[PDB]
């Protein structure tokens, strides 16, 4: 009774809040710049922060500056001093967000990108113009202009690439994560601190952290808070009237109602935070691989080009031409737009994540997530629709003799704890019985005998006010009932019957609990049992299937018995229908008379009934085999394992702490959701690969094509048509992105260790490239011309290049899928349009010199295809092993079986540890 | 007595019904189209189904629409409402069949075939004409016409290939499988639901499923049915008078007589079925291999051809000629007719299956069946002509003291159960004795002590009305009689004698049973024993031999003792005459004091006396060694193993459930039948291979032959003669099919894993091809001509091609057999006719330019042979191992022997578990 009523009152807020990606659009289109009437040197800004936090109080001629007193002095007595009252004006929120945002300061830095590549290229184009204007009397008519023209195009791209990511961040404001309950609807609601604009009513309780500077309104008796983080002395502060909740810690003392006054840089624990962040160095893995490649491209290009220059005096051209050939080759080569391209994908990709009841923060975590190999997920609420709620309690006939009801009511324990509707069933159940009351919600409990391995069961010695004595027991069915006595003697029937039912229940699920009652635990008095099961669902059942197809290993952690656990595992699809005892479905039991379960635990999934300080070792041990992991928080006992791991997945309706030591959040408290996530991540990588291959492969051909002519051929490379290819080939194309549907059909990629653009990929580019590169020389380099002066060679040398690259860019679609054309709609649209430029470029202007347009053009198409087919093969891959490797496998047979049998043997002893012991 | 009389009455229908493949011919020649006065959009049709099933009742102006009330509401009370009466008019059956057919909706889909190949080719021919008519002023006289002409021919083939399969399905109506008993003959008869046309009297009993909407006539007291499948609530329905049997489940409550009213799409559980089937994706293995190859041909051809085009500017021909060379090469290459060819074989092949008292459904199961490696078949009724009927019961002298007759009568158990004539023998036997009565059929049995391993025997405590007490025992001879006491003391003689006889019986078969009688089982009183044996037969004894020659492993599951089992095994041929104890013949005994038999079971065949929940593991374990399987249903306990397996073979006179979790049925309840099946399956594959080799091999030569000329030679390729070869070579030929007699001499093929057109086969085509390809260049490319203008080169270049390909197509006969000409009669007929075209094509028209006709023609014959010989060698294959591989084998000797001995040792203990125990 009086327990819950108090639980119900203080909670409930069904819809996080269906509040669109709008407010962001409006806000972001005025962010970074504009108002803020103070534009001092950045230097003074930092100093101001370190001078504000604490320090005495000078006049600023502005409303504000009360947050400083928070981390400079107690602020106990004076807090009521400062005084309270304040709300926003919708306006303040838009600005505060832009400067404070996510009440923790994050550093955004460039590992160089912007400078070493950024405007290092920009200068080249500038000196190009310089050279252009330097040549007074030069016989080159408008070359200076052309280069200037091209350089402009390159830039256009420059700015474009850099612009979208900025606006993207503005649109991230106003989301819904955790830490901050406010009053909006008809009930208190939860919302993000950043969104938690000043004004909305927040509610701080025990153990919670202040999402923002809040002016206390009232509540519980005493309100204690730890201001250490800000000031000093770990001594809790007694906030008196119209108090103030900066961001300190609520030392589980009292509860408070409040209004958010400060919510940004102007924040209390947002002032001692958001305005003081000296620097440091630290990079991500893949970023390392990327940087590494950038270099291997940096030198590779800048060298091959140099060659195309000095090895051309043989071609009979002044080193000058060769010079502007190497430099020219440099420009094309320079795979630019990488920072912008992966930042856009990161930002956008993270939006969709956020868009699907799965809130993910820090784009630096996507990398890892994409490489997830194992997913350890809790059952109730995540995997199963049924919280850990046993609806099938069951007790035999009756007796009604006093303590009879006591035992039945108390020892209806369970697994988890926290309440549900499961207990209510018990409440009403009692009612069914006599008519009395409470029994359910109640009792005076002081001592708890920790569940010891031998007897296999927990118990608690409780004493009613005026009563005899009672001790309620819970634990495994078998062992518990082995004791049992109960009012009337333990008849055979009663026994047999009890078992059978539990068995019946647990062979298709059901999570059996054994309840008796004695005083110490020795005594025997079986009351009943309360099993459970749970309809999996929509995307979990399929998501699991996807997991296997993706290689990803999913482990379930539940508070159900191994028997049932295996049943659930089998039900979902984890473990098919095959009853194990080896690991799959069955697994192990972090049990005492099952200890040896640490071998069963690591049964590659199923884990049922485990303890603390072992999480630690389990992660260590699992990692020792290079098993990555996506875990789900819980208690302090799992903290070490959490930190050890790499990915932390916290439930939206869970704890924030966990969401910190992690890299994402579950709103859609569904399991199927994660498999989807893994899917996207995998999509992100392939696409990146396909994107790189196209760029590099296609670009490499131009590298030596330039070289070729450098030595032979005849025609030339010149601003005009060259600049064209450059614009249509090195721009958007290398850009493009799309999700690959099959991609969930590829094992997880190794990060840290695994080398960037894979060797095979390197092969893919060289292959496709080497074709078109050569296919250029013989495109017409055989063909047939009548006068020798390039009036056919050029018209195609350019038309072909433009067309091929087109081709390559379509061998860049999904890196996982093999053999797909006309995809990427936007990409295709570009192809046609791009092709159009080419046609016009050849039609009128050159309408009188076309010869290659009749049977040279067709040849393009006939070969504009081989590129697609080449990829189709690459994409489909099959490994070959020399018939001796598989043979060894022929041997693995037995010892494998033997091992299994052995495991089973002992695993057999563990089914009845006590009997065995007794027998011995 | 009163037991059987009631069994006899309710059964018997000797001939499934000798009803020909006629009615099908007539029906199918009007199916899909015609009447049905409503041709709405397919959209409305689906919606109509989901709107019918349940939903309120609008007017349609037609007789019908009563089936909807079945799955929309109880329909208990109202069922008598709707009312009953209705029969067909022969007409209705023909139509209902066409729309309903096999009261389960099957999806027929094309994985592309029809479109990506179908009319993708059709367009090419159309644009060919377009190009033809586009060239106004072209100097090519009638080329447009020629191509149009050819394209027509290609089509003719197009339609032809697609037409036969459609009509084939019409001819499948009217067959005899299971589920549906009707009154036609002088007794109730069984027939297929689809054939079960409205009108015929059906009889539904307990546990049966309603084959069709039936208007109940009457029968048993209460008739309960579960309408869940349709409506809701698992609560059985009490069908009152003139009831209705839609398709619900008969909850083993009552028996009913009825008349089938609705039998099609208009069906009750045919309405909630046959009109609602949203889609999905799922393909077969080999289909995967096929599709895979299609691609490898798709690209291969479309590429080599492209080459034959652009590498021909060297030949001195405008890219145009080379263009229509690549495209031309494309057409020939494109191994078309694959969908039609394998669909025809599938359909037809499945007809013959159905034609031979072996009913097989779903052409997607043939693939697997063909690859059957192991066949686990039950003895009685399948392998042996003798049902499990022991005719040699035998008891000693007499006593006549009361309970003496009791024991003898009751404990005459057996193995199986269900009745036979075996029991009748016992009935009459008793008669022989005094003259009394029943004893046989009777007794009051309530309790059954499950046969426990120690004592090795089952027993049942029965109590007559007014009598002392009695407990009948059955089980292994040895152990049972070890107890025995009986009226008069257990004399030595009596004992010794008893044994000897059983031994005598069981060393040439005989399935001994031990019968006593006590109360608990301790007591001893031997009554007698009832062995058995069984004449194998015609095709079983030979079929078994075929199995071995085919590699297929056959396992027998019987209810006879190991001793006898091995005898039967030896008798049949499974296990020769060599008494084992290792596995072959003897095998194992799913016995208690034989437990270790799980190693003997997997003795590679023989299994005698096994239990439930082990089927599960046995299949799992067997599969763990890549052992495929064709199994035979039975009980619920074998269900898991059945689902695990891949092929289910159910007896025609058996259960339907099994026939579901399977892929075929045994009408001819013979074992020999399966071996025949395996034979056909194997025939189907080879033929396919031979068919592919011919097509591909022969086609590849034309691929580069085109290329050759592209570079050199002189003559040309042109519509006329080219179109001819195309018509006679790419049509029927690639088509043809035949059964290979030896083919039962080849081990089973690996499906899923094994690669399609085998590498060796790839070699076979390339070999044969490479010959004729080259043999063309030197056919006359050496020969001797006087003027240089092709008047000899052409006349033969075409005549040869036509002749060779002829040759190749005969290297396509049975892929298993090696060295066979003039086979395939139809094929040969074609050869001659085809050859004729060639002769005329050369004779008159070209009568004045022939030079090659004298000694060029003979040369054809001399080499028109080497192709046959080449195959003959390929077909005969011998493996070579380096003399060290066999040596290891020299070592296997011992350890093999040692292992056997060891097995035997323990296997020796198992012959007398109890003695041993006692001694210990």
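Protein chains in written order, with our numbering: chain Y, 1 to 920; chain A, 921 to 1840.
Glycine included, every Cβ here is placed at the ideal spot set by N, Cα and C.
- Within the model, the alpha-carbon separation for residue 646 of chain Y versus residue 834 of chain Y is close to 45 angstroms.
- According to DSSP, residue 556 of chain Y shares a beta bridge with Y:377.
- For residue 1458 of chain A, the closest of A:1568, A:1397, A:1382, A:1595 by C-alpha to C-alpha distance is A:1595.
- Residues of the same chain with a CB within less than 6 angstroms of the CB of residue 380 of chain Y, apart from the 5 flanking positions on each side, are 387, 388 in chain order.
- Look at the stretch 881-905 of chain Y: it has no residue with a C-beta under 7 angstroms from a C-beta of chain A.
- Contact of residue 1246 of chain A with chain Y by beta-carbon distance below 8 angstroms involves 862.
- Distance check between residue 1542 of chain A and each of A:1148, A:1521, A:1531, A:1555 places A:1521 closest, using alpha-carbon atoms only.
- Close to chain Y, meaning a Cβ-Cβ distance shorter than 7 angstroms, are the following residues of the stretch 1216-1247 of chain A: 1219, 1223, 1226, 1229, 1230, 1233, 1238, 1239, 1240, 1243, 1246.
- Residues of chain A whose Cβ lies closer than 8 angstroms to the Cβ of residue 545 of chain Y do not exist, since the nearest Cβ in that chain is about 13 angstroms away.
- In this structure the stretch 1158-1174 of chain A lies against the stretch 997-1009 of chain A, because at least three pairs of beta carbons, one per stretch, are closer than 8 angstroms.
- Between residue 69 of chain Y and residue 57 of chain Y, the C-beta spacing is below 9 angstroms.
- Residue 1035 of chain A is outside the set of residues whose beta carbon lies under 9 angstroms from a beta carbon in chain Y.
- At a cut-off of 9 angstroms between C-beta atoms, residue 855 of chain Y counts as an interface residue with respect to chain A.
- Closer than 9 angstroms to the CB of residue 1662 of chain A there is not a single CB belonging to chain Y.
- In the displayed model, residue 1182 of chain A falls within a strand according to three-state DSSP.
- DSSP lists A:1478 as the beta-bridge partner residues of residue 1528 of chain A.
- In the structure shown, the three-state DSSP call for residue 788 of chain Y is coil.
- With a beta-carbon spacing of about 6 angstroms, residue 867 of chain Y and residue 808 of chain Y fall inside the 8 angstroms limit used to define contacts.
- Counting along the chain, residue 1551 of chain A sits inside the beta strand (DSSP E) bounded by residues 1550-1552.
- Looking at the DSSP output, residue 1123 of chain A shares a beta bridge with A:1177.
- Close CB contacts of residue 1513 of chain A within its chain, under the 7 angstroms cut and outside five residues either way in sequence, are with 1373, 1376, 1830, 1833, 1834 (chain order).
- According to the DSSP assignment, residue 1386 of chain A belongs to no alpha helix (DSSP H), since it is labelled neither H nor E.
- Only those residues of the stretch 866-880 of chain Y whose C-beta falls short of 8 angstroms from the nearest C-beta of chain A are listed: 866, 869, 872, 873.
- For residue 1344 of chain A, the enclosing alpha helix (DSSP H) has its first and last residue at 1342-1352.
- Contact of residue 784 of chain Y with chain A is assigned, a C-beta pair being separated by under 9 angstroms.
- Counting along the chain, residue 1733 of chain A sits inside no beta strand (DSSP E), nor does DSSP assign it H or E at all.
- Between residue 1146 of chain A and residue 1171 of chain A, the CB-CB gap stays under 9 angstroms.
- Of all residues in the stretch 552-584 of chain Y, the ones placed with a Cβ closer than 9 angstroms to any Cβ belonging to chain A are 577, 578, 579, in chain order.
- Where residue 450 of chain Y is concerned, the enclosing beta strand (DSSP E) starts and stops at 445-452.
- For residue 1425 of chain A, the closest alpha carbon among the candidates A:1404, A:1454, A:1444, A:1445 is that of A:1454.
- Using beta-carbon distances, residue 858 of chain Y counts as an interface residue toward chain A, with a partner under 9 angstroms.
- Residue 1540 of chain A reaches chain Y at 578, counting residues in chain order whose Cβ is nearer than 9 angstroms.
- Here residue 1639 of chain A really is in contact with residue 1070 of chain A; their C-beta atoms are around 6 angstroms apart, less than 8 angstroms.
- With contact defined as three or more Cβ pairs closer than 8 angstroms, the stretch 302-317 of chain Y and the stretch 628-638 of chain Y are not in contact.
- Proximity of residue 807 of chain Y to chain A, defined by a Cβ-Cβ separation below 9 angstroms, is not satisfied.
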